[PDB]
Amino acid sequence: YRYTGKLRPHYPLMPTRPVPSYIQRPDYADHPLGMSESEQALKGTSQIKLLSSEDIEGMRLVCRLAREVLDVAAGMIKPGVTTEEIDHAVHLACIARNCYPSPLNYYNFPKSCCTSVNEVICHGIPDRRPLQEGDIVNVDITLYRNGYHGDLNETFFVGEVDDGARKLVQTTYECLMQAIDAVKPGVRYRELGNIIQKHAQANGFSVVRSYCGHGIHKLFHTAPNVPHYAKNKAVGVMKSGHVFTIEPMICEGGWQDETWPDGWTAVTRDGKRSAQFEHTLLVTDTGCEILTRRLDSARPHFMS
């Protein structure tokens, strides 16, 4: 395998981290290949769940807890800290909140969160690599509590970063927020990609095509599929009670991705940097509720 940039995996990985048995587990947690039978039963269906009041309360809770866990990771971002060390702290923070870390054993994914440095678009596997001054790193968190999953991510700066990194991260965040601002009942899911690509393109960046936002509730990933690029064929119209993510991945160079031999790490084919931000959203009569928002601070971590 020819690596596309400077990043390499840093092995060995620590043995899988156990989750105490008192924490409620999703179906895939104990499947030998980490398959989710509840999800697979709906594979190829485009119908979107309308959440009940109980569902909404469940989503508010797990999304708030997921935010707390992302904030834990954010506080650890500094030169010399390994992504494995971030993952260990995330794992413990989930357990402390009586939550299962959703990525863990999801289709045999080996860790409790995804850490995506520089040219890694998404699904980076926490490993022994110390973060370096100038790096950008995304941490993508998902928690499972009482049958519900809550999902968010932010890109962080490691020490002082260059102008390109600042512009990339800022633009990606703006892309997410412009998309969120358009969410309300009656809007087609396919419209969000038009909004995101317009803003990315205006700043000389490209939009990843192979990975999309998704419905999330009792399932980790389900209908609708939410592409982030323009003129896509996403099926569905937003209705009050829909819960889904928007999670644009934006690139300095071209949009093309490839996967490392580990089967997970998605990287830019040109080795240039990529950034991502993500919220879980509930559609309401007036627009949407950002379930994974900060409650105590106005801005994402890269601005604070």
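Numbers follow the displayed sequence, beginning with 1. By rigid core we mean the largest C-alpha set that fits within 1.5 Å across both forms.
Asker: Looking at C-alpha RMS in 5 other deposited structures of this protein with the core superposed, is it 66-74 or 41-49 that drifts more?
Answerer: Stretch with the higher C-alpha RMS distance in 5 other deposited structures of this protein: 41-49.
Asker: Could you settle it for me: does 47-55 or 247-255 have the higher average Cα B factor in the PDB entry?
Answerer: On average, C-alpha B-factors are higher across 47-55.
Asker: Which is higher on mean Cα B factor in this entry, 201-209 or 146-154?
Answerer: Looking at the recorded C-alpha B-factors, 201-209 comes out higher on average.
Asker: Pick out which of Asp140, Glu133, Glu174, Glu119 has the highest C-alpha B-factor in the PDB entry.
Answerer: The listed residue with the largest C-alpha B-factor is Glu133.
Asker: For the listed residues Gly124, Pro101, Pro110, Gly186, which one has the largest C-alpha B-factor as given in the deposited model?
Answerer: By C-alpha B-factor in the record, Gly186 ranks first.
Asker: Ranking every modelled residue in this chain by its Cα temperature factor as given in the entry, which third contains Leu281?
Answerer: It falls in the bottom third of the chain.
Asker: Looking at the temperature factor on the CA atom of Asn232, which third of the chain's modelled residues does it land in?
Answerer: Its C-alpha B-factor, which the entry lists for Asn232, ranks in the highest third among residues of this chain.
Asker: Looking at the temperature factor on the CA atom of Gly271, which third of the chain's modelled residues does it land in?
Answerer: Middle third - that is where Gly271 ends up once the chain's C-alpha B-factors are sorted.
Asker: In terms of the chain's CA B-factor thirds, is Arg60 lowest, middle or highest?
Answerer: For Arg60, the deposited C-alpha B-factor lands in the middle third.
Asker: Sort the modelled residues of this chain by their C-alpha B factor and say whether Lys78 lands in the lowest, middle or highest third.
Answerer: It falls in the top third of the chain.
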